[PDB]
Amino acid sequence: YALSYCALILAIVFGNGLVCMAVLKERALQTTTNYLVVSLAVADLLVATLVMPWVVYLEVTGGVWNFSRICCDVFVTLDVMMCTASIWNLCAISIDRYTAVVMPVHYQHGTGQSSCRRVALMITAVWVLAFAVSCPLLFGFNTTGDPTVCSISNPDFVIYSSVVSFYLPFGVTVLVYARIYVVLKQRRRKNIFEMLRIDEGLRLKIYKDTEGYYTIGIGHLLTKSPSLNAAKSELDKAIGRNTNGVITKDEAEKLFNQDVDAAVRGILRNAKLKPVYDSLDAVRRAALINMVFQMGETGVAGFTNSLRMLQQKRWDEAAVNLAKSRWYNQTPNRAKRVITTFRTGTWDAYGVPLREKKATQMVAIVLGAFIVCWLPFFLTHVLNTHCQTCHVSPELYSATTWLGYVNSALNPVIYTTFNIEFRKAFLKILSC
Ligand SMILES: CCc1cc(Cl)c(OC)c(C(=O)NC[C@@H]2CCCN2CC)c1O
Ligand SMILES: OC[C@H]1O[C@H](O[C@H]2[C@H](O)[C@@H](O)[C@H](O)O[C@@H]2CO)[C@H](O)[C@@H](O)[C@@H]1O
């Protein structure tokens, strides 16, 4: 393992040096996921420039350390800190996907805004957790039986780190990804009910809506009066018990299922909206209900141009038509999802986007790469220092460590493999 390590050294500063270059420059690649990928790329850049040079020195000698014990402590803590930073970032990303999968319509909205003061706080956390875990070595816990041997030999620390460095964040991510699978495997279609839940949202206490009117449950307007009494009075009336401002989920649901009925009926009694709704399909019908839910039977009746266009089955035209509206400027995201539903006649507007599936797939493999690279070590290093049946030759140990450092240079090879836009930006910086 003589020049091999030096090859790896450059491979790591090369790939992850690019990964950073791509994100910082490429507008498209500047997303919350990627920003965490940067910090993970930084964990590998530091490893290659502050830890592996010393790993290459201890390799040239037969495991003899001629430098200050203070210089050994720094070296060993950094090695722990980066590896701690890696696995934990990796977990931060896992949760990031979990939210993009479980709550996909909200994820897109909450990544398109001042969503850096979160990312900041996640990266920060991960590094500060990284440091605290490693710092004991710095303040004396790097004890060995000979000063020329520079290694983590402490029986207590090794157990601690193994849990906090690996078996905990690994256990988190594995159980997160367990749930990612469960959800994506459970491809339940959507309907009018799940649609409006997303768009309207569900609340149990009374609240003032966008117009300033008292509301509760899934967009149910209680009263246009400025009285919180009248609101509760109408709320009781609609449920059949003295609520006092609060309801249950299931109450909220039944109240909603009525409003949807009233919405259907309201349209069939309308002399403008009925012929449209008859010539629409189960799904596209659902988007008309949705507009009338948002805007009432007569407001929706005022898109004369678009209502005809939907009857004449001109879908694409109607969509470009409805964008030009005051409805769109007011609530532009909800419009985009209703208009897409009309255009396509599908619920891909409320699904998990392709872009995100492909990310969630990618970072499953980056995680896979890790556990394959680092699990060998954490089993060997634990069993070498807590020993009874030490079938643990130093030849093996050098491999398990070698394998662990190989991991760093792999990430950018995975990012080019599966992500097209990285692959695009990488050849863009290399082509100059
Ligand atoms: C089990 C807890 C544990 C956790 C972490 Cl993050 C560690 O650093 C990777 C170690 C560890 O042995 N480091 C020092 C060794 C010797 C120099 C290189 N390096 C191996 C990568 C370690 O024993
Ligand atoms: O506009 C018809 C609907 O009015 C209420 O719900 C609205 C209301 O306009 C307001 O709270 C807000 O803009 O959203 C919700 C629906 O989007 C009624 O409670 C509904 O039954 C009507 O469909």
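FYI, in the deposited numbering the residues of the sequence shown are 32 to 221, 1002 to 1161, 319 to 400.
Quick reminder that beta carbons are idealized off the backbone N, C-alpha and C, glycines included.
Assuming residue i and residue j are in contact, meaning their beta carbons sit under 8 Å apart, how far apart are those beta carbons, in whole angstroms?
i	j	result
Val-132	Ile-211	6 Å
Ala-332	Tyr-208	6 Å
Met-112	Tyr-373	Not really, about 15 Å apart at Cβ, beyond 8 Å.
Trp-1126	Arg-1096	Wrong, their Cβ atoms sit about 14 Å apart, outside the cutoff.
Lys-1043	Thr-1054	7 Å
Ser-376	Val-78	6 Å
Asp-75	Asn-379	7 Å
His-349	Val-194	Between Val-194 and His-349 the Cβ distance is about 13 Å, and since that is not below 8 Å, they are no contact.
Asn-1101	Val-334	Wrong, their Cβ atoms sit about 38 Å apart, outside the cutoff.
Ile-118	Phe-201	7 Å
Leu-1013	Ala-1063	6 Å
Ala-116	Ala-161	4 Å
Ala-1112	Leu-1084	6 Å
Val-1094	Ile-1078	With a Cβ gap of about 16 Å, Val-1094 and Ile-1078 do not count as contacting.
Can you find the residues in the same chain that come closer than 7 Å, C-beta to C-beta, to residue i, ignoring five residues on each side of it along the sequence?
i	result
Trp-96	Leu-89, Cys-103, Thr-179, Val-180 and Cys-181
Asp-127	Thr-63, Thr-64 and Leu-67
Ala-59	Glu-389
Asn-1132	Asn-1116, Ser-1117 and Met-1120
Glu-57	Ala-393
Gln-61	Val-54
So what does DSSP say about residue i, is it helix, strand or coil?
i	result
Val-1057	strand
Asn-1068	helix
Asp-187	helix
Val-180	coil
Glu-57	coil
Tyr-373	helix
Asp-1047	helix
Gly-1156	coil
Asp-1092	coil
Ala-332	helix
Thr-62	coil
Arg-219	coil
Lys-1124	coil
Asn-1081	coil
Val-360	coil
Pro-1086	helix
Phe-1114	coil
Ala-1146	helix
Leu-34	coil
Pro-380	helix
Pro-167	helix
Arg-1052	coil
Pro-344	helix
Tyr-1161	coil
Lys-326	helix
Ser-196	helix
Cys-51	helix
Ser-1136	coil
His-349	helix
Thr-385	helix
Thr-1151	helix
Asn-1101	helix
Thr-1109	helix
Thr-174	coil
Cutting at 6 Å between CB atoms, please list the residues of its own chain near residue i, excluding the five before and the five after it.
i	result
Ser-70	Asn-120 and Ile-154
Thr-130	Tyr-138
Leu-1121	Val-1087 and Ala-1129
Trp-85	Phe-106
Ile-1050	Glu-1062
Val-150	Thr-63 and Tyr-66
Near residue i, what residues of its chain come up, given a Cβ to Cβ distance below 8 Å and the 5 sequence neighbours on each side ignored?
i	result
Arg-220	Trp-1158
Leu-1046	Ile-1017, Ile-1027, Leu-1033, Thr-1054, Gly-1056 and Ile-1058
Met-330	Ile-382, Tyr-383, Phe-386 and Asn-387
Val-320	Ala-131, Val-132, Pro-135 and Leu-215
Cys-51	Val-69, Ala-72, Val-73 and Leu-76
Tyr-32	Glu-90, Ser-366 and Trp-370
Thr-174	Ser-184 and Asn-185
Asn-1068	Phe-1004
* At 3 residues or longer, and completely inside the stretch 1012-1045: list those beta strand (DSSP E) runs for me, N to C. => Every beta strand (DSSP E) of 3 residues or more that sits fully in the stretch 1012-1045 is shown, in chain order, as 1025-1027 and 1031-1034.
* Lining residues of ligand 2 - beta-carbon closer than 7 Å to any non-hydrogen atom, in sequence order -> Listed by position in the chain, the residues whose beta carbon lies within less than 7 Å of some heavy atom of ligand 2 are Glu-1011, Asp-1020, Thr-1021, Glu-1022, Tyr-1024, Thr-1026, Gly-1030, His-1031, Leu-1032, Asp-1070, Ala-1073, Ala-1074, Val-1103, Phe-1104, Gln-1105, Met-1106, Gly-1107 and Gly-1110.
* To do: Please specify which runs of the alpha helix (DSSP H), each continuous and at least 4 residues long, are wholly inside the stretch 68-154, giving them in chain order.
  => Those alpha helix (DSSP H) runs which fall completely within the stretch 68-154 and span 4+ residues are 83-91, 100-133 and 135-142.
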